[PDB]
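Report on the structure given below.
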Amino acid sequence: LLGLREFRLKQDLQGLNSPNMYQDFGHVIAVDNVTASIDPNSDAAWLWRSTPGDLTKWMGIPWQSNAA
Amino acid sequence: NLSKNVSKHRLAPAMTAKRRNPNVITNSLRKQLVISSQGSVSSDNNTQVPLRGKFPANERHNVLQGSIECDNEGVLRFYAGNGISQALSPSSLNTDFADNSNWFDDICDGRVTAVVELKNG
Amino acid sequence: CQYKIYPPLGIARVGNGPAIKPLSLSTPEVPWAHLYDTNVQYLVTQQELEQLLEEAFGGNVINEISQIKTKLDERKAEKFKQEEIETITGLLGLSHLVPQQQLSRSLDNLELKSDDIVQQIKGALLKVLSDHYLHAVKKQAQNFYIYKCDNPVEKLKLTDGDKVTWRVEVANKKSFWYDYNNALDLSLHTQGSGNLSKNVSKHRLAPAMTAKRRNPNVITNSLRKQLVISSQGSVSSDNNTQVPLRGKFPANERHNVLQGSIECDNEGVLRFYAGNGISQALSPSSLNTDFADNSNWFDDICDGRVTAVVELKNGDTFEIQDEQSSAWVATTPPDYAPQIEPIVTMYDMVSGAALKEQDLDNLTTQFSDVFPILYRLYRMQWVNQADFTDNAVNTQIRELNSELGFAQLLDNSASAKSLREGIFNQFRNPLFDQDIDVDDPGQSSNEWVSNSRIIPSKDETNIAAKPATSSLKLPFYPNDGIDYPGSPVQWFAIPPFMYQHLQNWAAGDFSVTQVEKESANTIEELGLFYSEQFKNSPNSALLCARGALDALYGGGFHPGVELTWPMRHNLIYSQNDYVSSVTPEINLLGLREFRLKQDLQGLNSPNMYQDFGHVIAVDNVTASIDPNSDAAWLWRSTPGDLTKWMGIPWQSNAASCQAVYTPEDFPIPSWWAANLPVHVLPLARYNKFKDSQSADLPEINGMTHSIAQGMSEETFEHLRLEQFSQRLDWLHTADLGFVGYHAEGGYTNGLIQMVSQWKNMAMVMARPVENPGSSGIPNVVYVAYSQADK
Amino acid sequence: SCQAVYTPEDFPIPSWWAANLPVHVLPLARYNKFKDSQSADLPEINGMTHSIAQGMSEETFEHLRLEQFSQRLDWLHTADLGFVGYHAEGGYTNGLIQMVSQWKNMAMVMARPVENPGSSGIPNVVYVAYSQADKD
Amino acid sequence: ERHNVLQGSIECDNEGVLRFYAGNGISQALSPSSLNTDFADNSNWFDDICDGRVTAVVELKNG
Ligand SMILES: [Mg+2]
Ligand SMILES: [Mg+2]
């Protein structure tokens with residue numbers, strides 16, 4: 001029945017007080033940012049190490065618009 | 001989940017995206033756009049703690065991102081907010097499916113940790 | 001390489017005036033030739049139409065009418081008769097201008113019962129001609145010339161057995177191409193050019209956005225060809241009958257699109273007229289509510305390939321087809337202030353495109369390299385409120401002129417360096433590194449944040465704005481980076497090479513001749529002299545290549561007015577070399593020989609219909625740099641490639657080319673006011689300051705003659721100045737959706753109404769004030785004419 | 001809604017109730033560019049640097065004063081009524097919507113002195129509209 | 001300016017019965033930007049609906 005898995009997210013251990021809590025890429029985000037983020041040493045890699053709010057920040061603001 | 005033909009053959013190119021609420025400039029001022037809160041419950045109490053933040057962050061609306069509870073058997077119960085979305089000005093209408101400036105909602109996500117402190121030490 | 005065509009890039013502008021010489025205009029062939037000419041008529045005049053009627057009754061016309069009328073009353077009429085009207089009509093060569101069917105129906109219902117039914121005819125034909133063309137925007141045609149070369153020496157002169165054949169092929173690809181969001185070269189890695197600093201891309205100040213397709217519901221390349229309008233024609237020096245360039249949309253429901261008209265005279269020169277300004281959707285319900293990307297729309301803009309073949313009596317033939325000898329033609333929106341030059345021009349873009357930013361400090365500067373910036377900025381006052389009442393440099397120039405002190409600016413010694421630096425320090429640096437605080441240095445959050453005044457997005461956030469600490473640099477016009485509040489590139493800066501001239505000027509690093517100093521007591525004196533230097537310059541071929549482009553805008557580019565950002569890259573030229581000063585002693589920014597990289601196969605190129613899939617991005621431009629790339633065709637223009645970038649229809653783009661208001665009322669930023677004005681001096685005002693208190697008119701400046709002479713001289717002059725000071729929103733010079741009770745007005749309605757009203761917008765013309773007195777009103781003023789305007 | 005009603009003819013512009021809801025006003029920003037005389041001793045005079053102000057002719061200095069005096073501003077533009085910002089729609093309806101919050105930021109017209117109008121033709125008393133966007 | 005409007009068409013067969021056809025259902029504004037956003041009252045539009053008066057004269061062979 002498609003199995004049971006043990007999985008867990010990458011986390012910034014510092015949470016609200018992580019220095020990447022407020023990171024971004026300047027005026028625009030593009031796929032090239034995402035390409036850079038692949039390398040776990042780059043300065044884009046924080047994209048995958050979730051600080052609080054990193055999983056929902058993508059979605060429609062406010063969510064009701066997105067649901068309509 | 002995703003076949004490499006999408007990228008490789010350019011089937012649906014990623015578009016560049018601009019900032020939401022773009023008139024807020026510099027990283028220091030844009031920190032005002034983030035709603036955040038935190039709290040702790042433990043098995044000895046079970047009184048419920050609200051996760052209540054501000055927007056813009058510390059005019060200024062209180063935003064209940066969620067609520068937490070521990071029972072005596074030591075399970076955390078986590079409730080989400082009331083489903084309240086609002087713009088800082090009533091004349092600001094949410095006309096795009098995804099990107100509306102001047103708006104906040106009480107969605108959230110974050111980090112769950114715990115300490116187990118046994119009778120012996 | 002023995003014959004060439006000039007200009008290399010010809011410009012023709014649309015207009016609803018007819019395509020005949022007496023009622024049309026010519027693209028300038030000598031820069032600054034008529035800046036103060038108070039006899040210009042850019043709108044078809046009553047006089048002009050009356051004149052064209054009379055020579056239409058030349059000459060056996062009065063006679064066939066008296067004759068037809070004696071043959072008439074042996075019957076005693078009444079009216080005329082098809083074959084009878086079909087008789088007068090077609091002795092007045094007028095079916096070109098107006099449909100045969102409409103002349104006939106104009107006489108058909110006349111009433112008659114000698115040299116006097118002529119006036120009822122002459123009169124009924126006048127008001128149909130008038131109904132069509134009175135006040136019409138004259139077309140600006142481009143004349144194209146063959147020069148003999150050794151490198152051009154003298155126009156081609158045809159002797160009896162010689163002929164010259166022109167051929168022209170054009171296209172419109174606006175509806176086929178991609179959305180315009182911003183300029184792709186804003187994220188394009190460069191060494192820097194004279195036009196664009198490498199900082200813009202290097203420090204990510206205005207990232208290029210991806211752009212999707214226009215008319216995205218037409219899929220597969222084959223079917224999208226229907227979105228491209230194209231046409232072609234030939235004319236030779238033997239005939240001089242005009243040919244239409246007429247295509248169809250969608251391509252072979254179905255509208256006829258007149259893209260232009262070509263004529264050739266017997267001397268061998270080709271005249272090219274643009275279209276009538278007709279833009280239309282396939283369905284009336286499809287509104288052009290976007291500044292640039294409207295699906296279901298076509299317009300009659302076009303651009304394409306100009307070639308020729310010279311055939312001598314002896315039988316030698318010369319094909320002018322290669323890219324060093326050929327030319328290009330593009331059509332554009334009208335110029336509604338032809339005597340007000342954009343501050344930076346498309347010709348300046350050609351000049352800057354050939355310099356590397358690294359070597360700008362090895363540039364030599366005369367004062368004539370700097371005067372265009374000062375003079376052009378000074379003249380923006382006639383089309384832009386900010387440059388009339390809010391510009392500290394234009395006021396300092398008026399200060400100098402008021403003491404005949406302007407020649408102080410041409411002083412390169414150290415006693416004037418304070419003077420020069422004060423003016424230079426007010427200009428925006430196109431490094432875009434002044435007046436910024438580096439946010440989050442080192443992080444991907446790295447960002448140059450302007451500490452000057454930003455231009456907010458309409459998407460407001462009720463959080464207090466960060467206070468501006470630095471002052472707003474000139475000029476006060478939006479730029480390619482407008483979409484990004486906080487970016488330094490939101491505001492226009494003159495291009496790096498032209499700011500370099502300005503930097504050398506400030507330093508004292510410039511030369512200037514004494515004879516310039518002695519004609520420099522006011523800025524108008526010096527511009528008048530520089531204008532004679534253009535007149536007497538011997539190199540007409542290079543001057544007409546420069547004049548074709550010196551009235552086109554060269555920034556900002558969002559997308560712009562006539563052409564856009566690919567014109568600032570050396571890649572788009574097959575040739576771009578300096579050849580000389582305008583004068584042996586006076587540079588005035590130089591004369592260049594340049595030519596476009598052209599696809600020698602024209603409408604038949606395998607890349608006539610190329611794109612990049614579902615989006616275009618800067619990556620496709622970055623790949624274009626390599627000429628063996630499958631992207632390199634971007635720079636090898638096939639017909640329709642220069643204008644495809646621009647807004648569809650262009651009326652949408654023109655209605656967006658206005659003020660961008662900021663939370664602070666003043667100064668008001670405006671895009672492109674030299675060619676699409678923003679605040680104009682309307683005829684209604686002109687008629688209230690043109691007159692002196694002694695003028696012989698029963699009505700003087702709008703007052704009764706009694707009232708006018710009863711007030712003091714002081715008060716009379718004051719009422720002039722106040723009236724000279726009433727500047728009107730250019731957008732209000734016709735009905736752009738704000739007229740009438742509870743009219744919405746607003747931005748979109750302006751876009752929607754401009755499709756029909758562009759031909760009624762106020763046109764700016766020099767006009768005289770014969771007796772300014774002590775009023776402070778100058779001897780030449782620049783007046784906006786429109787029907788609503790007076 | 002109680003503002004200008006435009007006709008196909010540009011002038012005169014009709015206005016409903018201008019004495020109480022002004023239509024075209026003299027903003028503070030202009031007042032600060034004609035109120036001073038040339039003999040004023042400040043670093044900046046009528047918006048110019050001392051040096052520039054004192055260097056022009058008396059006639060020119062005064063003309064610049066009356067040009068400034070002559071610049072009238074749409075009363076609706078003395079605050080953000082929905083026409084501010086890149087691609088802001090503007091228009092009548094956004095005026096109505098924003099007037100509910102913005103009414104309190106609209107220019108207030110108040111008599112102000114011109115101590116030494118000299119020859120410029122500006123009266124000793126002028127009525128200046130004050131608001132934050134107004135002010136320069 | 002000046003649009004033609006087909007309000008209808010008429011036929012008569014040899015037994016004297018008249019056939020009346022309405023128009024083609026073309027509606028149009030004098031300017032394309034005049035959109036008909038009201039259910040009943042749009043200015044600058046015309047349509048090809050009509051109504052009018054039908055009459056005849058029978059002429060017999062005897063006079
Ligand atoms: Mg111009
Ligand atoms: Mg009152």
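Throughout, protein chains are lettered first and strands after them, A, B, ... in sequence-line order, and every chain is numbered starting at 1.
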Test salt bridge (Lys or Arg N to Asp or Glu O under 4.0 Å) applied to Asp480(C) - qualifying residues, sequence neighbours left out: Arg568(C)

If only atom types and distance count, is the side chain of [X] paired as donor or acceptor with the main-chain N or O of [Y] below 3.5 Å?
X         : Y         : answer
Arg10(B)  : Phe612(C) : yes
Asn23(B)  : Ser457(C) : yes
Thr210(C) : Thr16(B)  : yes

Residues from residues 92-121 of chain B approaching chain C under 4.5 Å (heavy atoms): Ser101(B), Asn102(B)

State whether the number of non-hydrogen atoms from other residues, nucleotides or ligands found under 6.0 Å of [X] atom [atom1] is greater than 12.
X         : atom1 : result
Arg60(B)  : CZ    : yes
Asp630(C) : CG    : no
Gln48(B)  : CD    : yes
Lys225(C) : NZ    : yes

Reported CE-to-NE2 distance for the pair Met15(B) and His614(C), which is rounded to 0.5 angstrom: 11.5 Å

Rounded distance (nearest 0.5 Å) linking atom OG1 of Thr461(C) with atom CG of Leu29(B): 11.5 Å

Under 4.5 Å from any heavy atom of chain B, what part of [X] do you find: side chain, backbone, both or neither?
X         : result
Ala208(C) : backbone
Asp459(C) : both
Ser445(C) : side chain

Contacting region of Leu33(B) [heavy-atom separation from chain C under 4.5 Å]: side chain

Proximal component of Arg19(B), with respect to chain C [non-hydrogen, under 4.5 Å]: side chain

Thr26(B) vs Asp440(C) side-chain heavy atoms within contact, under 4.5 Å: no

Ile25(B) versus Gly486(C), closest heavy-atom pair with distance: CG2-CA, 3.9 Å

